[PDB]
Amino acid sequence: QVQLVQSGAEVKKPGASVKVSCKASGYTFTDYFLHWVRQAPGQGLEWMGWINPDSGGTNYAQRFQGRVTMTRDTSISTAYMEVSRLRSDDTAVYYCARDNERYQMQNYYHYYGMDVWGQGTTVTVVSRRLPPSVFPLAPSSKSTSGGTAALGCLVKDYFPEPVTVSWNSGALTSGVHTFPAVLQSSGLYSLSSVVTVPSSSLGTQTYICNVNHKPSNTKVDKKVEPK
């Protein structure tokens, strides 16, 4: 199968550069142009440019001309995009996507769309990295209703996004909901994760929320017990 596999998440300081990779497989790399598209949190798609892996030629979006360089290494079917002079609002998911028209003539190019998409690479541009505090939301009488109880974890005062939360190292998935973060007037983020569980389980089942914050290199486990 045709696929594009991108490199992993990046955290960079403002003014630094980042280089993201996109490896193609399942087809002949030089047959198709590649596009780069990014998407800032909660916003739309924005085209960055195309590269022709057959020639190395490029066409950059004017907003990024002079700040972005696309390249390729055909020996390993990989395209690269380097963004320099990073700003905080370069924080976004970066996609590579295959131009869907085989064998373009570069001087007579025609765009008909992009048919195969990488999974995306997050790039976060921040000077601060701040780990969260994790507090239990204990199940109680007020949080129990006829056989089911609610319990959770409050993840407070971290920066930047994102944190991921699993329960019981992924063993617990049914009834879990992790909410989006709020941005407080402090500039730090907070979110919560909750799980509905059988109240009959409360005396023997252990509940631990696993809070990952890659930006600060932190993993916090919090055991949540009845009050």
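The numbering used is simple: start at 1 and walk along the sequence shown.
- When the mean C-alpha temperature factors of 118-126 and 142-150 are read from the deposited coordinates, 142-150 comes out higher.
- Taking the mean C-alpha B-factor of each stretch as recorded, 53-61 and 182-190 are not equal, and the higher mean is that of 182-190.
- The entry lists C-alpha B-factors for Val37, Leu202, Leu34, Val165, and the highest of these is at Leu202.
- Highest CA B-factor among the listed residues (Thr91, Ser75, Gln106, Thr71): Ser75.
- When the modelled residues of the chain are ordered by their C-alpha B factor, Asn210 lands in the lowest third.
- Among all modelled residues in this chain, the alpha-carbon of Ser216 has a temperature factor (C-alpha) in the middle third.
- When all modelled residues of the chain are sorted by CA temperature factor, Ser7 is found within the middle third.
- Looking at the C-alpha B-factors along this chain, the one for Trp47 belongs to the lowest third.
- Per-chain ranking of the deposited C-alpha B factor places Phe159 in the highest third.
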